[PDB]
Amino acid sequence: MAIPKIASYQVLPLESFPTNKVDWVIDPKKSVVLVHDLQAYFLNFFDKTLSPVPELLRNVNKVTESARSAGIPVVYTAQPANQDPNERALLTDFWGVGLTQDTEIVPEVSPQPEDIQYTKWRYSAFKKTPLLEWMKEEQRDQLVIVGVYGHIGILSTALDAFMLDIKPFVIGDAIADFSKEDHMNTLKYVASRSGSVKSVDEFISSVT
């Protein structure tokens, strides 16, 4: 009903990432980076000075910097404050009325002027946003996903993308979750059923 006070946990070692079942490789000419719901509201459920938040933010910055250097668009999603109950619909039964403040992107990974920002309404970044038709317009069919929370919005976004013929790449050391278990199980599900799991360094070397 409430997002938990998330206890600190260690970013999983890269050697523990689950093995990919598909062999897609991130292509700078075909990819978009999604910074998923990195709002103050959602990150304040962690103690930000503790693992995995400093590493998460540094890794998100590594991703977006390499992305912009390679001409890869960066898209941020953010939930709006004070959502109309008709618009929020069944989310209220699970999570309450939703955030009423602290909607800003956390300052460490604040958007740059050329980045795109979409208003998010559901777990999946494709529902009620321009994301799908804009990616088609840009003729980019790869979505590189960073942010929070792994087993909820990241997972659901990966599953629409996959079903919408967009290749999702979840960056395993650039997401965070309710627990190390939720984080890992997110990666195991994606790698075996819905997309690709890559490291920050694999993204960087793929996009130079």
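For every residue, the number given is its place in the sequence shown, counted from 1.
11 to 19 set against 189 to 197, stretch whose average Cα temperature factor tops the other in the entry: Per the deposited B-factors, the answer is 11 to 19.
81 to 89 versus 119 to 127 - greater average Cα B-factor per the deposited record: Mean C-alpha B-factor is greater for 81 to 89.
Candidate set 50, 143, 152, 146 [ranked by C-alpha B-factor, highest]: Top of the list by C-alpha B-factor: 50.
Residue, from 43, 32, 174, 35, that the PDB entry assigns the highest Cα B-factor: Out of 43, 32, 174, 35, the record gives the largest C-alpha B-factor to 43.
Residue 165 - Cα temperature factor, lowest/middle/highest third of chain: According to the entry, residue 165 has a C-alpha B-factor in the chain's lowest third.
Chain-relative CA temperature factor third for residue 60: Middle third - that is where residue 60 ends up once the chain's C-alpha B-factors are sorted.
Chain-wide C-alpha B factor ranking for residue 132, given as lowest, middle or highest third: As the PDB entry reports it, the C-alpha B-factor of residue 132 lands in the lowest third of its chain.
Third of chain Cα B-factors occupied by residue 69: It belongs to the highest third of the chain when residues are ordered by C-alpha B-factor.
Ranked against its chain, the third holding the CA B-factor of residue 139: For residue 139, whose C-alpha B-factor we compare with every modelled residue in the chain, the answer is the middle third.
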